[PDB]
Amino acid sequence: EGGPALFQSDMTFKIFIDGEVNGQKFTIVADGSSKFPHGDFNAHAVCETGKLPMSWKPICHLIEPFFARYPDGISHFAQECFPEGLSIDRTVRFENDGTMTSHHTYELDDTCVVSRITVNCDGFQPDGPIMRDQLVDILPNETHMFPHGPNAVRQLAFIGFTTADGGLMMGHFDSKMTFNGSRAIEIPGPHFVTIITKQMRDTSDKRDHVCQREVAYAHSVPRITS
């Protein structure tokens, strides 16, 4: 049948990101695979238009929620959306800096998931650490998942980036995942997805290449009285 049964195989993915920042256009293409049982996977991304005009760091979350590792007591909404598919409407607001707004669609073709993302990054500080490429690491974080009506789940996160000058650049992440289909789908109750990410420069062309690894797994926390 559908949902998690479609993810019971090694999978591949391809992502096409159509973006702009402060009016400068860019294109990123990324691909990779995720081996069953998922939860730990790599992606290789390339800026097709040459040099990325901003830090690659804030792009980390654009470069597959359905590859997170879930325990059986929590419905894995992102996988349950297949085969009809998944759309995401996401905004990351960077403190003292710009806002990135992304619209994602995800389609499954046999064992390859194709992603299309359009992203607008508005109001980024030309002399800030994103535009000057001064972000170094991405902090592991405990994203919060909430039910959001009949066919959607909301993921809220605090994503901190360490910077060359020691202060954190904090992103406020707010992401609505919506099922493309019309059957009833199980909506998980409140829970958490732990996300650990690392991005590394790859040998660079006339184009920026980056390799990225992500570890992602869900858990819950029981209520009182206990």
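Residue positions are given as counts along the sequence shown, with the first one as 1.
Requested in this report: Using what the record says, work out whether there is a hole in the model between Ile63 and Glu64 and how many deposited residues it spans (none, 1 to 3, 4 to 9, 10 or more).
Outcome: The entry has 1 to 3 unmodelled residues between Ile63 and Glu64.
Query raised in the report: For the C-alpha atoms alone, is the average B factor greater in 176-184 or in 197-205, going by the entry?
Result: Stretch with the higher mean C-alpha B-factor: 197-205.
Query raised in the report: Looking at the entry, does 77-85 or 108-116 show the higher mean C-alpha B-factor?
Result: The deposited B-factors put 108-116 ahead on the C-alpha mean.
Requested in this report: Among the candidates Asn151, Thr91, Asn141, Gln155, give the one with the maximum CA B-factor reported in the record.
Outcome: The record points to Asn151.
Report task. Using the B-factor values recorded in the entry, state whether the Cα atom of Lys14 falls in the lowest, middle or highest third among the modelled residues of its chain. Result -> It belongs to the middle third of the chain when residues are ordered by C-alpha B-factor.
Query raised in the report: Lowest, middle or highest third: where is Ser102 by Cα B-factor in its chain?
Result: Lowest third.
Query raised in the report: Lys57: which third of its chain by C-alpha temperature factor?
Result: It belongs to the middle third of the chain when residues are ordered by C-alpha B-factor.
Requested in this report: State the tercile, meaning the lowest, middle or highest third, of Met131 with respect to the CA B-factors recorded for its chain.
Outcome: Tercile = highest for this residue's CA B-factor.
Requested in this report: Using the B-factors in the PDB entry, rank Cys47's C-alpha atom against the chain and give the third, lowest, middle or highest.
Outcome: According to the entry, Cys47 has a C-alpha B-factor in the chain's highest third.
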